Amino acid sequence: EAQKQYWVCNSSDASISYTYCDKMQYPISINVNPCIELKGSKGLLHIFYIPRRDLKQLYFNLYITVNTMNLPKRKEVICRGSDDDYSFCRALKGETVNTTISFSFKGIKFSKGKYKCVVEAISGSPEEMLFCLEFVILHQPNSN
């Protein structure tokens, strides 16, 4: 069984897919509306997920790669303290997450080639990996 590839969406300037990295865990459904443009766009992220850890204190380690050039790690805490928190933050092992989240993507200019972002989802203190996803964002070869 060859490793399965997941497509999220194509925009006018990007083609977005991902695969599961590290240990294969519970699956995740990820949808983006409208599809992100590398040159910048905003929209809504829909997530359908049955988690195997509690989403409490969820953060991402982001490893971004720009045409094979690795950038230094980034951290972005998602679930922080008390409220101003997404409702899914209070989700527990086994409780369906079925939410939509707003996003704004500023965008890169002069974009070309291929980008990668590996998303290490860590949550549930005691802190263990929730999921790992490696996104591949192709720049459409026929668009700037």
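Numbering starts at 1 and follows the sequence shown.
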Between 8 to 16 and 124 to 132, the record assigns the higher mean Cα B factor to 124 to 132
Out of 32 to 40 and 74 to 82, which stretch has the higher average CA B-factor listed in the record?
-> 74 to 82
Which of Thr100, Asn61, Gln57, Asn67 ranks first by CA B-factor in the deposited coordinates = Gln57
Selection by C-alpha B-factor (highest) of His46, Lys116, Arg53, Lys112 = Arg53
Would you mind checking where the Cα B-factor of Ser143 ranks among the modelled residues of its chain, as the lowest, middle or highest third?
-> middle
